[PDB]
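Asks: structure of the sequence below:
(6 chains)
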Amino acid sequence: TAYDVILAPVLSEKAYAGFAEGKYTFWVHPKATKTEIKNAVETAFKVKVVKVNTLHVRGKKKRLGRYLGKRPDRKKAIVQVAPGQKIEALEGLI
Amino acid sequence: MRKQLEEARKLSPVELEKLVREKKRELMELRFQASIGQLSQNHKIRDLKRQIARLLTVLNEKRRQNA
Amino acid sequence: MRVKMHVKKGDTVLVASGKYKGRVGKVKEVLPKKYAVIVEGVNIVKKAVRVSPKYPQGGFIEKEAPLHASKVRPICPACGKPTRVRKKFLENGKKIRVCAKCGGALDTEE
RNA sequence: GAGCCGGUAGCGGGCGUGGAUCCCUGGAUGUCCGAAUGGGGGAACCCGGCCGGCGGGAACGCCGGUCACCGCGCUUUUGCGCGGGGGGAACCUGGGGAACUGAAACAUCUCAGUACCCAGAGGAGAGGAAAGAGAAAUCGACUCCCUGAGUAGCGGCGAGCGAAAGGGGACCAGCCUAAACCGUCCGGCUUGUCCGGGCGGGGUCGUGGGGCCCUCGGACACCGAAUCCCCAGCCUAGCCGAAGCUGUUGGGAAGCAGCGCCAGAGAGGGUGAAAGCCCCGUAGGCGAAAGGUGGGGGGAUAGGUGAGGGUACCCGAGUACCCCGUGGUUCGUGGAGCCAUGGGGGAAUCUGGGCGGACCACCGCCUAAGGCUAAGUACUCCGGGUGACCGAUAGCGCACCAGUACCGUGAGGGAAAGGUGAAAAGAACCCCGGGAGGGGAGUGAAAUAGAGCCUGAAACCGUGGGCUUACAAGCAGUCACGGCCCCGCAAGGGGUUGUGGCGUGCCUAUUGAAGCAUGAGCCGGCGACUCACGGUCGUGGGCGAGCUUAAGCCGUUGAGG
RNA sequence: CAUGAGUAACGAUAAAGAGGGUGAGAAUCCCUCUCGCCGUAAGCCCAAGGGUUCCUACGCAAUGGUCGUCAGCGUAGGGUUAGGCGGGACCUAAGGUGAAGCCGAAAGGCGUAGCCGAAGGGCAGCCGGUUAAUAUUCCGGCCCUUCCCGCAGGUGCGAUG
RNA sequence: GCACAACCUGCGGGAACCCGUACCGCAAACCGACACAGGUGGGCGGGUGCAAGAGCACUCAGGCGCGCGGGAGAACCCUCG
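Replies: Residues are numbered from 1 along each chain as shown, chains lettered A, B, ... in the order given. Sure, the structure comes next:
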């Protein structure tokens, strides 16, 4: 309770280009306030929170032998930089 | 790391505070890892979580003792 | 054959079997006594995978089932297992004693 | 005690004899919904006001601690400090309370105070020390069982309905408060001498209590948890613990055989086909803990009980009682009593007042219009165990991703599917093929044991073989015989039929059926005269006086007395 | 598990024919070429309601009323982000709730006030460009919105009665 | 309270969260248990011609070709001359 962390980067393709020049996209604690995004963002990666937007998605179509389901809840949020800093290794990475 | 049980015993306010906080960050590191080293990681994840968990068990014990 | 058991890594005899030739019990569960005597398996003529040689057919088949094995063997083979008399301060020593005796002392051999 | 990262075994990585898996008891956050209560709201999601915090400060926004409502008592000012509420399979109290069907109609009546809506206390409440019984100069709380008679009786006296004291049994504490009088006291009003409310002695058990006079009196009684300490019963973890191997037919043996074995423990299951001596911490007996629960046995804690006469009396309920309007009760309107209340009347302090006999004269009875609770019968969610209780269409419907699939708007309804094998060794590999799937190799004891895969029949469709069939009119058939073919030693026995004789199919309800009356699609599994008492007649059996409920007791077998 | 039955039927008389292609196989997929029927709809569009799916990639034993190398089918992965669009962060009627209050054997009946409660009120942006896929949400050009800190200038300012 | 730090007004600075789009969507994805010719709300409804016009006939864009095919084509019901 108060363990700041609240996310998992958007290893997502399309989301790549943004990482590429100025914005970055990730999966975030389905719940964090957008200002929550700004803070986790800022103190976490020592940056400059710019433009913080959000989207959400649940799962559809998972057949399980004799019964079925479709998954849980994956949350999406995108935040941009001010200069183009931080996330380096992450980005060079994927 | 029963030994860690010990360190635990050892620290207090702001201490345990930033300890568990930073450690937590560490596990974040893990979260990140969700697609890199991985293999020997496993444990950093499960155990690390158990560890920090303890961290909390303690804070509770101590400040609880308090108020 | 329950939450409780017989010998462990141990080294014992096969009565009603096909081998009898006792030996290393590589592993033994807690509930299904499931124990492997490394005394009779097969090949599972493997996947056809490169998992086993790209030209496969697994070798060490050894899941030991039946429980007619005569666990424990001191200078004596088929014997049940005793318990204790403690003898020393805090002494469980559920070693195995009957006729001959064996307790699997933490030394020279299991 | 030495292995585990739940059901997934697989991947990819691990923790642990410096008690790791895990069994238990108490621990910590303990998301959002749900009584919800800080506010709202189509719940499980959006809002807000106070102190703390961090960040880019202010605005933003999270952790956080935060803030209904109720009535309840306390300082009228804490509105501080409590209570409840919200549940719950059945049992339970009261609240309110119905047609069927019976009475072969049916309006009294009946099912019944039953079903159901409700409110609510529990772990069980219910009732629970007598204005009782009952008539003997008798009993003695309340509750539940057997019996009391299904008589006493209630009634279109009709269908029907139907007690109570006693006796047998079980379980056996009894205890209290306003009850002006005491005095005390504070408030009173208004002052003297009324009421109000606190302390008490009084604080009625089967009758006194108070105030005056005298005899008084100087250690055994515990609660309904008064209360505390314990052996705390258990909770779930515990522990031991009896004796065989050789052989041998077998894929097997625990089996046939040989000899050797145990037993205060031949209850059972489990170990490749049926073990006391192999698996099982079981019957043998014993085991055990610092938590969560108490009856016992005893202590202490013990509020509070526990004397005698005398004397002008004042001191348990605001309505007893009587008129009608009604409930109870074995009572349905009646000669109809007692308790109980809706209307109007409308009082007695132990010469008191209801009660036995509508009522009147008697004796007798009990002591009313307040309070508390244990203990013996009920109930079944949940645990344990046993079953001339069930086997996968019976069992809970439900034996395991069935209260879910799926129909309905909601209310609501409400399936199916259990097993491969002994163990996975469950199928490398070669061959037709897009694939499935098909022939081989290996499996193996079998794979006509091969993945919906045990046992795996009937129905129906199929491949081959035997007899049979194109001038034939018949449920069917079937008696006869002749031609085929079959096992055959013959006797002859099989199946097959062409010729001919004679032949209206079965069930139900019918005076009456072939039915053109009907039932009938075909196979398979389900599918319907019982149980409890009363009785009643028989008749198989014990004594003529014969037999024993409710219970107390002994009880692997639990043995019957 | 049979039976009419391999007859009745394929959901509209808005017709289709070719060539080449890909394929284990293509009347029934892909391009392209001839051709008919819509067109006032068989248009697009917002909304509702559906809630997967949409896309991209493999696959077809089930499913389409046969096809089927096609799919809204199966397997996997990725896909919608907005101070200024919408709705709440505001308003309210009918209308529900309901502190008060009146009222029932009980459960409730009625209910001002305040609240909840609407494509009815009110409010600050548009267009051109970019993804397999979303846009006035992304990018860009252009045009604003309130609220907070300040400062600068200006005032009886200061409810929501 | 204000009034010396309340409101009206410029410039600078700084802020602005919650839930929403995919696509179907006069319809094989919404309602009829079916890829059921039924129904289901508002937005010009391109054009020619017709006196007028969302009706008419051919078309614009844009949308198709209903999803089982080939075949001779006699009875006869259908539809129509």
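
Asks: now do residue C:63 against residue C:10, distance only.
Replies: 17 Å (C-beta to C-beta, to the nearest Å). C-betas here are computed from N, CA, C, even on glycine.

Asks: those two: who's more crowded?
Replies: Taking residue C:63 and residue C:10 together and counting by other C-beta atoms under 10 Å in any protein chain shown, residue C:10 has the greater number of neighbours (21 against 12).

Asks: the residue lying closest to residue C:72 once chain neighbours are set aside: how many residues sit nearby?
Replies: The shortest distance from residue C:72 to any non-neighbouring residue, by C-beta to C-beta, 6 or more residues apart in numbering or on different chains, is to residue C:96 (4.5 Å). Neighbourhood size, residue C:96 [other C-beta under 10 Å]: 21.

Asks: mind checking how far residue C:96 is from residue C:19?
Replies: 22 Å.

Asks: how about the residues of chain A near chain B?
Replies: Those residues of chain A that sit near chain B, judged by C-beta under 8 Å from any C-beta of the partner chain, are A:1-5, A:7-9, A:11, A:44, A:90, A:94.

Asks: now list the buried members of those.
Replies: Among the residues of chain A next to chain B, the ones that count as buried by 16 or more other C-beta atoms under 10 Å in any protein chain shown are A:5, A:7-9.

Asks: from these, which is closest to residue C:24?
Replies: For these, the residue nearest residue C:24 by C-beta to C-beta is residue A:8; the value is 46.7 Å.

Asks: from the contact counts, what lies against the helix or strand harbouring residue B:43?
Replies: Residue B:43 belongs to helix B:42-66 when assigned by DSSP states H and E. Helices and strands touching helix B:42-66, by 3 or more C-beta pairs under 8 Å, 6 or more residues apart in numbering or on different chains; DSSP states H and E, are helix B:2-10, helix B:13-33.

Asks: nearest to RNA strand D, out of the ones you listed?
Replies: Evaluated with C-beta to the nearest atom of the strand, those place helix B:2-10 nearest to RNA strand D, the distance being 6.1 Å.

Asks: buried sites along that closest one?
Replies: Buried residues in helix B:2-10, counted by 16+ other C-beta under 10 Å: residue B:8.

Asks: how far off centre is that helix?
Replies: Centroid displacement of helix B:2-10 relative to its chain, using C-alpha atoms, centre = their mean, to the nearest Å, is 11 Å.

Asks: now do stretch C:63-81
Replies: 8 Å.

Asks: and stretch B:3-15, anywhere near chain A?
Replies: No: residues of stretch B:3-15 are not located near chain A by C-beta under 8 Å from any C-beta, the shortest gap being 13.5 Å.
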